[PDB]
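Below you'll find only one chain, the form deposited in one PDB entry, shown as structure tokens.
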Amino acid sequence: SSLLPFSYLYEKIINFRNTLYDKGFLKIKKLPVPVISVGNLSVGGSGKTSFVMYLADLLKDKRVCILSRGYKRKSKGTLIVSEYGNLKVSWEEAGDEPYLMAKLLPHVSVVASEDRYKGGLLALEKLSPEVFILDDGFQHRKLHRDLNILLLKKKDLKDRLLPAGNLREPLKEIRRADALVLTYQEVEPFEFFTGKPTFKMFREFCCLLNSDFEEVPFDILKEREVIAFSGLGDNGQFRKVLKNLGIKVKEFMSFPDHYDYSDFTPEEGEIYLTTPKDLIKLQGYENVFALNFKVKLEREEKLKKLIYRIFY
């Protein structure tokens, strides 16, 4: 509660900024092709990532470009990370999530830029995309979006504003959404009614990702025991899911959140499972894999209807 004073203050800052946009005091810029924004009130986690890729796959008959912010990316300036699947920089220069999204989306372009509009402009010149997806774009009101998709998990609904809680914005800001996606339905189911189009999102275990980021069956470990490891401190997350997946684990290792694997040294002939975020650093090594999940969205056909209305 030491943090509540900043919380009450932070609320007035955000509300003031939001009031300026609401009332048209600040410029909202428009790119000349459709833009879909995906974001949340709280910080975006694996949920937003899973949904961004799910969404880009619904749009597989369009030239798609993801506009990411580039958190933990050296400096600034617009950067093309991936051209329709082909990575143009290392994960160092681009950050893990845009790199990971790039690796998981073989036909999608990825551009990292703090100013999303300037990113869109570069993409338009060099990539000629037909639709943009704003990764983590709900707060970036300076760029117009034709479809504003807000992800909400159960925990959000009873959270509080930074720094006392995790909300980047008050719950009332939901009004800005054109569509709601209720996430983590596999773990923490809930029902929310706003009168806006709403879609329950489940994630389910699909297959394995090898070190080239291709899907492989998990059947390979039908009669094998596995070593596993993680860095971020998500190993309890990883530990639980592995436990929840009933996978034979021989041994289990832990590393700092940031771990770069400049000196990771695995054993020839053993099999490893790690997180996609860590797998990034371990390309080159076979026998190292990540768990792959797929999104199942209720009323999928409605979402698709909403999406394609932006193309008129």
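Residues carry their position along the shown sequence, with the first being 1.
One more form of this protein, deposited in another entry, exists but is not displayed; see below.
For the relative rotation of rigid parts between the shown form and the other one, the listed residue sitting on a hinge is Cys206 (options: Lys222, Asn86, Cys206, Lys27).
In the other form, the separation between the C-alpha atoms of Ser75 and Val89 shrinks by 3 Å or more relative to the displayed form.
Legend note: Cα of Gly85 to Cα of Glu286 is at least 3 Å farther in the other form than in the depicted form.
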